[PDB]
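Protein chains in written order, with the deposited numbering: chain H, 914 to 995; chain F, 2 to 476, 523 to 598.
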Amino acid sequence: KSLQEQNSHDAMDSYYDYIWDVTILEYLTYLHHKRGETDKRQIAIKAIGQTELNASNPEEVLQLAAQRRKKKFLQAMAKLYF
Amino acid sequence: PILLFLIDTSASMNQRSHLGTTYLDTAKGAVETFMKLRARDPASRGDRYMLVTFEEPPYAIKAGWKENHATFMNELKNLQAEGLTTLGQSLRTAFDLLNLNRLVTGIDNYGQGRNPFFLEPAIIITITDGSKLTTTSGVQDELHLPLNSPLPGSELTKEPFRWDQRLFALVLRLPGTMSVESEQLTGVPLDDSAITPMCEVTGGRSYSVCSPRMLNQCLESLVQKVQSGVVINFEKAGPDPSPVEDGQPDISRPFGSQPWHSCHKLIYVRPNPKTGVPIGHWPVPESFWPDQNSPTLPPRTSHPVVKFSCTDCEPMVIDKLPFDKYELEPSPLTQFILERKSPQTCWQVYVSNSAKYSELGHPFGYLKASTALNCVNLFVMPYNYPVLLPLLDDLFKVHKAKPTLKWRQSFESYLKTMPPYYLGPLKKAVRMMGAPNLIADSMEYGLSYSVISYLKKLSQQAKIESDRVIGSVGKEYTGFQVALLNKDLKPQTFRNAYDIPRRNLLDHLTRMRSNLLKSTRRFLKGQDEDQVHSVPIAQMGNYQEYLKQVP
C-alpha cells in the first residue's frame with residue numbers, strides 16, 4: 914500500500930539498497946513495469962539479481978546480509994534525522 | 002502428446018544462481034534440454050508444444066494450437082520475468098485452454114460413460130522458484146484456483162483438470178553460493194511448496210532441484226514419464242487383504258495407515274498400430290444411475306474412483322469376446338501384488354453408485370498379474386461380467402442363436418439390471434459375436450432430451466469460445528501523458544526530419560543531398576539496414592542464378 918503511492922518525499926532508487934526481501938522487490942518491479950518506470954525497474958532487477966539476496970542461500974548468509982542492511986539503513990535514518 | 006510449459010515470469014524468477022545466470026535463463030535451458038532429451042526418443046514426431054507465462058490475459062498464451070515450432074522458440078527466447086507470482090490464474094488459464102479444446106472436440110462423452118480410448122495425452126510442467134504467492138493486495142498463504150466459470154460446461158466436472166493430463170513442477174532452488182556438500186541422492190526430493198498438493202492431486206510429482214546435475218536428473222525423469230495414459234484413483238473398500246496360509250499374519254502390519262489405500266495413478270493406453278486411435282470396446286462406468294428424466298446430470302469426478310476388492314477369484318477370459326486390457330505403471334499396489342506372486346488369482350474392481358438398488362457396485366473389471374509377473378494389468382469387460390459371460394458361453398455352446406425361454410428371462414432380468422449407456426457398446430459387441438438377432442433398435446435411449454439439448458448448446462458455445470481464444474493468442524488538461532522511450536521504435540532518418548540529432552545533423556544533411564543527387568537504380572530510405580536476427584547462406588543464395596553444373 915505504501916509503495917503504490919506516487920507522492921513520496923524520500924528517495925526511491927537510492928533506498929533500494931537497504932532491501933533484502935525478494936517479495937517486496939518483486940512488487941517493486943511489477944509496479945515499475947506497470948506504471949512506466951523503465952529505469953527504476955532496472956534498479957530493481959539489479960537488486961534481485963544479486964548473489965547475496967537469493968532465497969535459497971544458507972540461512973547464515975541471508976541473516977548476515979539482512980543485519981548488514983539493517984545497520985546501514987538505520988545509520989542512514991540517523992543521518993537524515995537525529 | 003501435448004507438452005505445455007508454464008514458465009513463471011514473476012520478478013522473483015530473476016534471481017541469479019551460482020552459474021552467473023538468472024533463474025529464468027535456467028528455465029529456458031531446462032525447456033531446451035527437455036526438447037533434446039525428448040527428441041532422442043523415436044516416438045515424438047507428433048508433439049504439440051505450448052507455452053503459458055504468469056501474465057494477465059490476453060497476454061497469457063504465448064503459443065497454442067494454431068502456432069508452430071519456430072514461433073514457440075521465438076516466444077520462449079523472448080520472455081521477460083516482470084510480473085507477480087499468480088499461480089492460480091495461470092494454472093486455470095492452461096487448464097481452460099486444454100479442456101476448452103477437449104470439450105470442443107467432444108473427446109469426453111458425458112452421459113455415455115467414460116471411454117479411456119478417447120484420449121488426448123497432455124503433460125503440463127510448471128517451472129517456478131517457490132517464492133511467496135503474491136497478488137496486488139498482499140501475500141497469499143495457500144494456493145486457491147479462481148472459480149469464475151469462464152469456459153461453458155465447467156460445472157459438469159468438479160475439478161478444473163481432467164483425467165488425460167498430468168501436472169509436474171520444477172521448483173528451482175539454486176543457491177547463490179555453491180554447496181560444499183555434494184548431493185548424492187539417486188531420487189529427487191519433493192518440495193515444501195504450495196504447488197505440491199495440487200500436483201499430487203492431479204497425479205504428478207514435484208521435482209525439487211538444487212544443482213545443475215540435479216536438474217539433469219529431474220529432467221531425465223520428467224522425460225521418462227511423458228507417455229499416453231489415464232490417471233485413475235484406485236481405493237480399497239470393505240474387507241481387509243486376505244492373509245495367505247503360507248504367510249504369517251502379524252500385529253506389526255499397520256491396520257490403520259497402509260501406503261496403498263488410495264493411489265491416483267496411471268494406466269497405459271497403447272495406440273492402435275494400424276491407425277493410431279485405440280479401437281476400444283468397453284467404458285469405465287459412471288458414479289450415478291442414469292435417470293432419463295432428470296434435468297441435469299450430476300457433476301462427474303475429474304479422476305475416477307475405482308474400488309478394488311482383494312478377495313481372490315478366477316480370471317475368466319472367454320474366447321473371441323473382445324475385452325480391453327491396460328498396463329498399470331509402477332505403484333505400491335503393483336509392488337504388493339508382484340510380491341504376492343499369484344498369476345492364477347485376480348482382484349475385483351468396480352465403481353460405486355453404479356447400481357440401481359445397491360450402493361455397492363457389481364464388478365466391471367479385474368486387476369490381474371501378468372504371466373511373467375512383470376506388471377499388473379487391468380482387464381475390463383461389460384458391466385456384471387460374472388452374470389453375462391457364462392450365458393454367452395452357453396449360447397455359443399448349445400443354443401445356436403435362437404434360444405430357450407428361461408435364458409430369455411435371464412436377459413430381461415439382465416437388461417433391467419444393465420446400465421443404459423452401456424447399451425451403446427454391447428450392441429456393437431454382438432456385431433463381432435455372430436448373433437445379430439440380439440440387436441433390437443427399440444431401445445437406444447441413454448440420456449434425456451434436456452441434457453442432449455444442453456450438450457448441443459454447450460458445444461455451440463464451446464465452438465464460439467474456441468474461435469475467440471484462438472483469435473486471442475498471438476496478439523494539456525487532465526488528458527496529458529508523457530511518452531516513454533520505445534525500444535522497437537526504428538527511427539527512420541530519411542523519412543522524417545524530426546529524427547536527426549543535432550550533433551551529426553550537418554553530416555546527415557550532406558548524405559541526404561547525396562541520395563537526391565545519386566539518381567541510382569535503387570533509392571534507399573535508411574542509412575544502415577544491416578539485418579535483424581539471422582544471416583543464412585541458403586536464404587540469400589536462392590535469389591541468384593548459378594548456371595554451372597560442372598558434370
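Using N, Cα and C, we set each Cβ at its ideal position, and we do this for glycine too.
Selected residue, minimal CA-CA separation from residue i, among the options
| i | options | result |
| --- | --- | --- |
| F/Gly472 | F/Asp48, F/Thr23, F/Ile62 and F/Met51 | F/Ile62 |
| F/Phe324 | F/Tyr367, F/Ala195, F/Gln578 and F/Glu221 | F/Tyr367 |
| F/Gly573 | F/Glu201, F/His555 and F/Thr129 | F/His555 |
| F/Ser150 | F/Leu532, F/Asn551 and F/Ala463 | F/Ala463 |
| F/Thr203 | F/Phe169, F/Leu220, F/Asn533 and F/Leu152 | F/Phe169 |
| F/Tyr269 | F/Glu184, F/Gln166 and F/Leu186 | F/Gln166 |
| F/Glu182 | H/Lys959, H/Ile961 and H/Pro971 | H/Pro971 |
| F/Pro147 | F/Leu191, F/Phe96 and F/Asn294 | F/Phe96 |
| F/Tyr327 | F/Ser355, F/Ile338, F/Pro272 and F/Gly277 | F/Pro272 |
| F/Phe6 | F/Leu223, F/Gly239 and F/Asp42 | F/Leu223 |
| F/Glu576 | F/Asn562, F/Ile338, F/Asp9 and F/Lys537 | F/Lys537 |
| F/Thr34 | F/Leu298, F/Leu427 and F/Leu216 | F/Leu216 |
| F/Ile280 | F/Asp48, F/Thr158 and F/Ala430 | F/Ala430 |
| F/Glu56 | H/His946, H/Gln988 and H/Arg982 | H/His946 |
| F/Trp66 | F/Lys78, F/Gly47 and F/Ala82 | F/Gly47 |
| F/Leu171 | F/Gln218, F/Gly239 and F/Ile547 | F/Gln218 |
| F/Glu445 | F/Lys458, F/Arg93, F/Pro426 and F/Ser460 | F/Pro426 |
| F/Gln293 | F/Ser263, F/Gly277, F/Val377 and F/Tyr422 | F/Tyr422 |
| F/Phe541 | F/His580, F/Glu523, F/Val245 and F/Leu563 | F/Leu563 |
| F/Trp261 | F/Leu191, F/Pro333 and F/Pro291 | F/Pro333 |
Interface partners of residue i on chain H, CB under 7 Å
| i | result |
| --- | --- |
| F/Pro583 | Those do not exist, as F/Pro583 stays about 33 Å from chain H at its closest Cβ, beyond 7 Å. |
Beta-carbon neighbours of residue i, restricted to chain F and to distances below 9 Å
| i | result |
| --- | --- |
| H/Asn970 | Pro176, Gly177 and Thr178 |
| H/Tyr943 | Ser11, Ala12, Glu83, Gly84, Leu85, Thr135 and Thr137 |
| H/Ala978 | Here the premise fails: no neighbours, minimum Cβ distance about 10 Å. |
| H/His946 | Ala12, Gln81, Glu83 and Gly84 |
7 Å Cβ cut-off: residues of chain F touching residue i
| i | result |
| --- | --- |
| H/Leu938 | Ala12 |
Buried versus exposed, by CB contacts within 10 Å (16 or more), residue i
| i | result |
| --- | --- |
| F/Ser155 | buried |
| F/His400 | exposed |
| F/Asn100 | buried |
| F/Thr136 | exposed |
| F/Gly84 | buried |
| F/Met419 | buried |
| F/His304 | buried |
| F/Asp130 | buried |
| F/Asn385 | buried |
| F/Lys369 | buried |
| F/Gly526 | exposed |
| F/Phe162 | buried |
| F/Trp164 | buried |
| F/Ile126 | buried |
| F/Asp9 | buried |
| H/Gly949 | exposed |
| F/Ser138 | exposed |
| F/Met199 | buried |
| H/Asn920 | exposed |
| F/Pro316 | exposed |
heavy atom of the ligand NAD below 7 Å from residue i C-beta
| i | result |
| --- | --- |
| F/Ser454 | Because no ligand of any kind appears in the structure shown, any question about the ligand NAD cannot be addressed here. |
Chain H residues whose Cβ lies nearer than 9 Å to that of residue i
| i | result |
| --- | --- |
| F/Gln16 | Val935, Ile961, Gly962, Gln963, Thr964, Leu966, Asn967, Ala968 and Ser969 |
| F/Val140 | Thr936 |
| F/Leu532 | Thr951 |
Cβ distance (whole Å) where residue i is taken to contact residue j below 8 Å
| i | j | result |
| --- | --- | --- |
| F/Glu330 | F/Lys266 | 7 Å |
| F/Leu379 | F/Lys342 | Wrong, their Cβ atoms sit about 19 Å apart, outside the cutoff. |
| F/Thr346 | F/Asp313 | 4 Å |
| F/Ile3 | F/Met74 | No, F/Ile3 and F/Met74 are not in contact; Cβ-Cβ is about 17 Å, not under 8 Å. |
| H/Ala957 | H/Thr942 | 4 Å |
| H/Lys985 | H/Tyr931 | 6 Å |
Neighbour list for residue i in chain F, Cβ cutoff strictly below 8 Å
| i | result |
| --- | --- |
| H/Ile956 | Those within 8 Å of H/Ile956 in chain F number zero; the least Cβ separation is about 12 Å. |
Neighbouring residues, chain H, relative to residue i (Cβ below 8 Å)
| i | result |
| --- | --- |
| F/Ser132 | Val935, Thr936, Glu939 and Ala968 |
The region 959–973 of chain H touching the region 935–948 of chain H, judged by at least three CB pairs closer than 8 Å: yes
Three or more C-beta pairs below 8 Å linking the region 110–124 of chain F and the region 227–245 of chain F: yes
Is there contact here, the region 175–186 of chain F with the region 9–26 of chain F, by at least three beta-carbon pairs under 8 Å? yes
Relative to chain C, which residues along the region 23–41 of chain F have a C-beta separation below 7 Å, given in chain order? You won't find chain C in this structure, because its protein chains are H and F.
Segment contact, 8 Å Cβ cut-off, at least three pairs: the region 408–425 of chain F with the region 343–353 of chain F: no
Taking 8 Å as the threshold, find out whether the region 276–289 of chain F comes into contact with the region 238–254 of chain F through three or more Cβ pairs. no
Within 8 Å, do at least three Cβ pairs link the region 419–439 of chain F to the region 388–403 of chain F? yes
Are there three or more Cβ pairs, one per stretch, closer than 8 Å when the region 290–303 of chain F is compared with the region 445–462 of chain F? yes
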